[PDB]
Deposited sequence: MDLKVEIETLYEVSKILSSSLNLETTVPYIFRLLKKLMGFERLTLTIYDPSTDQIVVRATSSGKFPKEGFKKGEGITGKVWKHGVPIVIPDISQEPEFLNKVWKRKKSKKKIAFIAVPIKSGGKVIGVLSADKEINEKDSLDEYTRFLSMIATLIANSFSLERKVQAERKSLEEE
């Protein structure tokens, strides 16, 4: 399965390195996470430091604490168990959003969390870069 992880990480890495548009990119990423990793009910939200710029959701109140303290929250069993993961999207020193998902497990959960956190960080950077480029267009 650790091979499937690299494959997924690599695939999302390609999507990002070739496109500076998160609002089309994210859906592709969710698709990958859902098809390979087996996530579900994925959801992302990113707020402009001024305030809510981006929002996406998967197909088919705890997040609040991730904004406050900017640390990964997890609940191994909501009631095989269904876990709920919510990692912080943080770049520029602040937390700018949260990435969440469900993952039915039998399996190591802490690994899925470490992974979903890797995506959140990659996404955090792309968002920053997309805004930097928009800034150049604004000046001109």
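Deposited sequence positions missing from the model - stretches, numbered from 1, in order: Gaps in the modelled chain, taken against the deposited sequence, lie at 1, 53 to 54, 64 to 74, 94 to 109, 137 to 138, 173 to 175.
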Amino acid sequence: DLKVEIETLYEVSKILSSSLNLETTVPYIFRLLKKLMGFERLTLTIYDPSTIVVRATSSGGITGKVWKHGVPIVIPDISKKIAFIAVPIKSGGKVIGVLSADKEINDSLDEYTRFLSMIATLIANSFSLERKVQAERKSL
From here on, numbers count along this sequence of modelled residues.
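Stretch with the higher entry mean CA B-factor, where the candidates are 112 to 120 and 128 to 136: Looking at the recorded C-alpha B-factors, 128 to 136 comes out higher on average.
Per the entry, higher mean C-alpha B factor between 61 to 69 and 84 to 92: Taking the mean B-factor of the alpha carbons in each, 61 to 69 is higher.
Peak C-alpha temperature factor (PDB record), options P76, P49, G38, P27: That would be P49, according to the entry.
Of the residues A56, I105, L32, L99, the one carrying the largest Cα B-factor as recorded: Reading the PDB entry, the winner on C-alpha B-factor is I105.
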